[PDB]
Structure formats: C-alpha cells, structure tokens
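File shown here: coords.pdb, holding PDB, C-alpha atoms.
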```
ATOM      1  CA  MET A   1     -34.759  -3.620   3.066
ATOM      2  CA  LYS A   2     -31.960  -1.895   4.970
ATOM      3  CA  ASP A   3     -30.635  -0.453   1.708
ATOM      4  CA  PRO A   4     -27.151   0.402   3.101
ATOM      5  CA  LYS A   5     -26.204   2.583   0.113
ATOM      6  CA  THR A   6     -24.642   5.455   2.083
ATOM      7  CA  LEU A   7     -23.697   2.999   4.784
ATOM      8  CA  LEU A   8     -21.492   1.110   2.246
ATOM      9  CA  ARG A   9     -20.460   4.428   0.706
ATOM     10  CA  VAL A  10     -18.357   5.354   3.754
ATOM     11  CA  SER A  11     -16.019   2.388   3.237
ATOM     12  CA  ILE A  12     -14.998   3.369  -0.308
ATOM     13  CA  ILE A  13     -14.543   6.935   0.838
ATOM     14  CA  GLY A  14     -12.411   5.834   3.878
ATOM     15  CA  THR A  15     -11.186   2.669   2.103
ATOM     16  CA  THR A  16      -9.806   4.600  -0.889
ATOM     17  CA  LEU A  17      -7.697   6.810   1.393
ATOM     18  CA  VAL A  18      -5.530   4.070   2.928
ATOM     19  CA  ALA A  19      -3.720   3.369  -0.342
ATOM     20  CA  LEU A  20      -3.292   7.086  -0.985
ATOM     21  CA  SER A  21      -1.499   7.658   2.335
ATOM     22  CA  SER A  22       0.203   4.247   2.198
ATOM     23  CA  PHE A  23       1.738   4.713  -1.278
ATOM     24  CA  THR A  24       3.799   7.953  -0.661
ATOM     25  CA  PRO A  25       5.462   6.985   2.709
ATOM     26  CA  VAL A  26       7.998   4.752   0.941
ATOM     27  CA  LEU A  27       9.827   7.734  -0.597
ATOM     28  CA  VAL A  28      10.643   8.892   2.947
ATOM     29  CA  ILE A  29      12.521   5.703   3.792
ATOM     30  CA  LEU A  30      15.151   6.276   1.092
ATOM     31  CA  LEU A  31      16.235   9.690   2.419
ATOM     32  CA  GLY A  32      16.410   8.234   5.917
ATOM     33  CA  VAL A  33      18.448   5.328   4.606
ATOM     34  CA  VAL A  34      20.770   7.885   3.008
ATOM     35  CA  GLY A  35      20.684   9.890   6.221
ATOM     36  CA  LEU A  36      21.638   6.768   8.172
ATOM     37  CA  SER A  37      24.251   5.981   5.537
ATOM     38  CA  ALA A  38      26.090   9.025   6.859
ATOM     39  CA  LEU A  39      26.884   6.762   9.817
ATOM     40  CA  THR A  40      27.780   3.538   7.896
ATOM     41  CA  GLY A  41      28.453   5.217   4.549
ATOM     42  CA  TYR A  42      26.654   2.422   2.679
ATOM     43  CA  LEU A  43      24.491   4.807   0.647
ATOM     44  CA  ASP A  44      26.265   3.239  -2.321
ATOM     45  CA  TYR A  45      24.004   0.185  -2.069
ATOM     46  CA  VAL A  46      20.815   2.346  -2.428
ATOM     47  CA  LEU A  47      20.539   1.167  -6.036
ATOM     48  CA  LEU A  48      20.207  -2.442  -4.836
ATOM     49  CA  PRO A  49      17.589  -1.931  -1.986
ATOM     50  CA  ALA A  50      15.683   0.056  -4.630
ATOM     51  CA  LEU A  51      15.483  -3.035  -6.827
ATOM     52  CA  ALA A  52      13.669  -4.735  -3.977
ATOM     53  CA  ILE A  53      11.166  -1.866  -3.895
ATOM     54  CA  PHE A  54      10.479  -1.964  -7.654
ATOM     55  CA  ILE A  55      10.169  -5.748  -7.425
ATOM     56  CA  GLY A  56       7.983  -5.405  -4.344
ATOM     57  CA  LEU A  57       5.790  -2.586  -5.683
ATOM     58  CA  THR A  58       5.360  -3.779  -9.278
ATOM     59  CA  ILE A  59       4.182  -7.065  -7.806
ATOM     60  CA  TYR A  60       1.823  -5.239  -5.436
ATOM     61  CA  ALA A  61      -0.158  -3.522  -8.201
ATOM     62  CA  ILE A  62      -0.898  -6.878  -9.771
ATOM     63  CA  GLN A  63      -2.351  -8.134  -6.480
ATOM     64  CA  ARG A  64      -4.589  -5.037  -6.497
ATOM     65  CA  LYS A  65      -5.229  -5.518 -10.225
ATOM     66  CA  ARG A  66      -6.953  -8.848  -9.713
ATOM     67  CA  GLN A  67      -8.662  -7.466  -6.614
ATOM     68  CA  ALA A  68      -9.091  -4.153  -8.401
ATOM     69  CA  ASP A  69     -12.725  -5.236  -8.818
ATOM     70  CA  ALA A  70     -12.861  -6.031  -5.103
ATOM     71  CA  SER A  71     -11.102  -2.760  -4.291
ATOM     72  CA  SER A  72     -11.905  -2.960  -0.580
ATOM     73  CA  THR A  73     -10.579  -5.746   1.637
ATOM     74  CA  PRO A  74     -12.652  -9.012   1.345
ATOM     75  CA  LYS A  75     -15.617  -9.068   3.730
ATOM     76  CA  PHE A  76     -14.633 -12.543   4.915
ATOM     77  CA  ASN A  77     -11.117 -11.315   5.701
ATOM     78  CA  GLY A  78     -11.272  -8.943   8.667
ATOM     79  CA  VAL A  79     -10.218  -8.404  12.292
ATOM     80  CA  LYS A  80     -11.931  -7.374  15.525
ATOM     81  CA  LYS A  81      -9.701  -4.291  15.749
TER
END
```
Once you've parsed the file, please lay out its structure as structure tokens.
Amino acid sequence: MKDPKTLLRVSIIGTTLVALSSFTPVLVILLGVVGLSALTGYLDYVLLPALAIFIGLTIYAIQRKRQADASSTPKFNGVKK
C-alpha cells in the first residue's frame, strides 16, 4: 500500500551515477603512473600494467552483465554506512 515508486526511483537515479563517476577515474591513474615514472623511469612497463586493467575491466562488465538485470546492488547485500 506504500507504493514506493518515487521512493525506489531515487536509487536508480543516484545508483546509476556511481558507475558513471567510477568508470572514468582509471584514466587518471595512468598519467600519474607516467608522472611517477619520471622518478623511477619505469614508464616502459605501462603496456604491461595496462593488460591488468583490460583483464580487470573486461571481466568487470561481465559481472555487471549478469547483474545487469539487478543493476543496483542486491538488497540483501548492504552495510550500515
């Protein structure tokens, strides 16, 4: 009887935004790595640490692909804060 239509609507709206802000931030790490490489001059590796990212990210979609229906985090899985 509560009919939490708009109540549930706020999660998708706020819940859709995490992934948007959480997907771009990776690109920043590479430049910093390169920046830090100036110190250790290991920027040569970059190609390798990037393999980890492609392996890590490509895998991540798939986890979201099965959950894609779920979209938001499972109701059972949550924290106090």
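Minimum atom-to-atom distance to residue 53 in chain A, evaluated using all atoms listed in the file, belongs to A:30 out of A:79, A:21, A:6, A:30.
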Distance in Å - CA of residue 43 in chain A versus CA of residue 57 in chain A: 21.1 Å
Residues in the PyMOL selection byres ((chain A and resi 16-19) around 12), expressed as number ranges by chain: A: 9-15, 20-26, 60-61, 64, 68, 70-73
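Here CA of residue 74 in chain A and CA of residue 4 in chain A stand 17.4 Å from one another.
Take CA of residue 54 in chain A and CA of residue 41 in chain A: the distance between them is 22.9 Å.
Counting only C-alpha atoms, the residue from A:47, A:8, A:34, A:52 that sits nearest to residue 75 in chain A is A:8.
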Complete the atoms of range 2-36 of chain A to N, CA and C atoms and put them out as a tab-separated table (two decimals), in the coordinates of the input.
```tsv
chain	number	residue	atom	x	y	z
A	2	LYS	N	-32.82	-2.87	4.31
A	2	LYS	CA	-31.96	-1.90	4.97
A	2	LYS	C	-31.45	-0.87	3.96
A	3	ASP	N	-31.13	-1.34	2.76
A	3	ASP	CA	-30.64	-0.45	1.71
A	3	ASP	C	-29.45	0.38	2.19
A	4	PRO	N	-28.39	-0.27	2.61
A	4	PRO	CA	-27.15	0.40	3.10
A	4	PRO	C	-26.32	0.96	1.94
A	5	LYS	N	-26.88	1.95	1.25
A	5	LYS	CA	-26.20	2.58	0.11
A	5	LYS	C	-25.12	3.58	0.55
A	6	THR	N	-25.52	4.45	1.47
A	6	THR	CA	-24.64	5.46	2.08
A	6	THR	C	-23.79	4.81	3.18
A	7	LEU	N	-24.37	3.78	3.75
A	7	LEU	CA	-23.70	3.00	4.78
A	7	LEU	C	-22.43	2.34	4.20
A	8	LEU	N	-22.58	1.76	3.01
A	8	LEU	CA	-21.49	1.11	2.25
A	8	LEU	C	-20.58	2.13	1.55
A	9	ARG	N	-21.15	3.31	1.36
A	9	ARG	CA	-20.46	4.43	0.71
A	9	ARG	C	-19.28	4.95	1.53
A	10	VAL	N	-19.41	4.89	2.85
A	10	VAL	CA	-18.36	5.35	3.75
A	10	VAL	C	-17.10	4.49	3.65
A	11	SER	N	-17.22	3.21	3.36
A	11	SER	CA	-16.02	2.39	3.24
A	11	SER	C	-15.18	2.85	2.05
A	12	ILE	N	-15.77	2.96	0.88
A	12	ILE	CA	-15.00	3.37	-0.31
A	12	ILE	C	-14.27	4.70	-0.05
A	13	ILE	N	-15.04	5.60	0.49
A	13	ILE	CA	-14.54	6.94	0.84
A	13	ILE	C	-13.36	6.86	1.86
A	14	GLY	N	-13.51	6.04	2.89
A	14	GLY	CA	-12.41	5.83	3.88
A	14	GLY	C	-11.40	4.74	3.43
A	15	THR	N	-11.94	3.82	2.65
A	15	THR	CA	-11.19	2.67	2.10
A	15	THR	C	-10.27	3.06	0.95
A	16	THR	N	-10.62	4.12	0.22
A	16	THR	CA	-9.81	4.60	-0.89
A	16	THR	C	-8.59	5.37	-0.39
A	17	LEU	N	-8.73	5.99	0.77
A	17	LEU	CA	-7.70	6.81	1.39
A	17	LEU	C	-6.51	6.03	1.96
A	18	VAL	N	-6.67	4.76	2.34
A	18	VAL	CA	-5.53	4.07	2.93
A	18	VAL	C	-4.37	4.04	1.93
A	19	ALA	N	-4.69	3.52	0.74
A	19	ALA	CA	-3.72	3.37	-0.34
A	19	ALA	C	-3.08	4.69	-0.74
A	20	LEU	N	-3.84	5.78	-0.63
A	20	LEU	CA	-3.29	7.09	-0.98
A	20	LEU	C	-2.21	7.49	0.02
A	21	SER	N	-2.47	7.30	1.31
A	21	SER	CA	-1.50	7.66	2.34
A	21	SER	C	-0.39	6.61	2.46
A	22	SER	N	-0.73	5.38	2.09
A	22	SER	CA	0.20	4.25	2.20
A	22	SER	C	1.15	4.13	1.00
A	23	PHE	N	0.83	4.79	-0.11
A	23	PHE	CA	1.74	4.71	-1.28
A	23	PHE	C	2.92	5.72	-1.15
A	24	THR	N	2.70	6.96	-0.72
A	24	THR	CA	3.80	7.95	-0.66
A	24	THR	C	4.88	7.69	0.40
A	25	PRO	N	4.52	7.21	1.56
A	25	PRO	CA	5.46	6.98	2.71
A	25	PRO	C	6.75	6.25	2.36
A	26	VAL	N	6.78	5.46	1.29
A	26	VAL	CA	8.00	4.75	0.94
A	26	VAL	C	9.13	5.73	0.63
A	27	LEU	N	8.83	6.75	-0.17
A	27	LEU	CA	9.83	7.73	-0.60
A	27	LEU	C	10.62	8.31	0.57
A	28	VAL	N	10.01	8.35	1.75
A	28	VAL	CA	10.64	8.89	2.95
A	28	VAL	C	11.75	7.98	3.47
A	29	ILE	N	11.55	6.68	3.32
A	29	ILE	CA	12.52	5.70	3.79
A	29	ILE	C	13.87	5.87	3.10
A	30	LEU	N	13.88	6.13	1.79
A	30	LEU	CA	15.15	6.28	1.09
A	30	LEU	C	15.99	7.40	1.70
A	31	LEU	N	15.44	8.59	1.89
A	31	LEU	CA	16.24	9.69	2.42
A	31	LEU	C	16.82	9.33	3.78
A	32	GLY	N	15.99	8.67	4.59
A	32	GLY	CA	16.41	8.23	5.92
A	32	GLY	C	17.55	7.23	5.80
A	33	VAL	N	17.39	6.31	4.85
A	33	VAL	CA	18.45	5.33	4.61
A	33	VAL	C	19.73	6.12	4.31
A	34	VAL	N	19.62	7.07	3.39
A	34	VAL	CA	20.77	7.88	3.01
A	34	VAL	C	21.29	8.63	4.24
A	35	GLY	N	20.35	9.15	5.01
A	35	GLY	CA	20.68	9.89	6.22
A	35	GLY	C	21.48	8.99	7.16
A	36	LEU	N	20.99	7.77	7.33
A	36	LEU	CA	21.64	6.77	8.17
A	36	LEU	C	22.96	6.32	7.56
```
